[PDB]
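Inspection log for the structure reproduced underneath, given as structure tokens.
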Amino acid sequence: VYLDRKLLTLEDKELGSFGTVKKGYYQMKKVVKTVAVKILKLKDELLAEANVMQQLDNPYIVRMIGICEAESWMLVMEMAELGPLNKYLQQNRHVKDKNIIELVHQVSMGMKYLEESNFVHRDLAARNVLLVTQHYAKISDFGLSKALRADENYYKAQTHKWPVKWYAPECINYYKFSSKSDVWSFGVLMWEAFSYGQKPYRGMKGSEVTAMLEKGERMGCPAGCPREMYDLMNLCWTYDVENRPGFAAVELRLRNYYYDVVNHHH
Ligand SMILES: CNC(=O)c1nn(C)c2ccc(Nc3nccc(-n4cc(N[C@@H]5CCCNC5)c(C)n4)n3)cc12
């Protein structure tokens, strides 16, 4: 868990700005491993984040190498070279629809795993999906994640910043976060991905988003998004928590649609 700072080499220029994300190298038992390092500018939050990542083991979740306490506290992770999904899609506007389905399906597999593991992500957004390659996505950013109690299917937040545009109505109304509220966020993530990394609910305040949803209104179908994928976004945006599907049902819908698109392409 606790890494050796002399086996860590950090790059001077940051990748992005709880502080900063930098590229580095970690000397392993034989090979050198390229890493992404979250550097704090908060300590207990970083340790809790690390504690969540250490418990997860799935191909569609970012692997934590360890933590290091040096000049600042550091969370060292396996590098996903292509960076955040929203930025990548904004920069690569010609990624095919089949490829977007492939990536969102991978996110749904990682989330099916998280749901099975009884962890709630609480910040599932396209900025929190990282690309290993153009065909391999991993979920990142476990800073708000919670391990659910053995006796409850939700985490109750004590005092409300929150990414409100990705939050289900029960998060807003009752401060209750479950794998079903992660499904709602996944619906917004799908909308972002099929919109090539555009921000959801453009030009609206959080209170205006809440008023829109309460009226039963939902974002429109993005340009070129298949009807089946839009129907799935709408199903993730089921107001009633009990009627909303879980990740097992969402992943199955995506898996079947993806292989329909794969075999039709052949
Ligand atoms: C901000 N810019 C970047 O992250 C970024 N820019 N570029 C050009 C990159 C290239 C590769 C990676 N590769 C990586 N591989 C593994 C883990 C990470 N992580 C990133 C975050 N946070 C940022 C910040 C909060 C929102 N989400 C992402 C966490 C927690 N892990 N990044 C990250 C980036």
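The count begins at 1 with the first shown residue.
Each Cβ is built from the backbone N, Cα and C atoms, and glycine gets one as well.
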Annotated phosphothreonine residue, as Swiss-Prot has it, among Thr9, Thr20: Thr20
Which candidate, of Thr34, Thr210, Swiss-Prot gives the annotation phosphothreonine: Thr210
Position flagged as phosphoserine [Swiss-Prot], chosen from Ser17, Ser117: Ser17
Inter-residue Cα distance where the pair is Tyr136 (phosphotyrosine) and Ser207 (phosphoserine), in Å: 35
In three-state DSSP terms, the structure that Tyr113 (phosphotyrosine) belongs to: helix
Helix-strand-coil residue split for the expression tag (264-266), DSSP-based: 2 helix, 0 strand, 1 coil
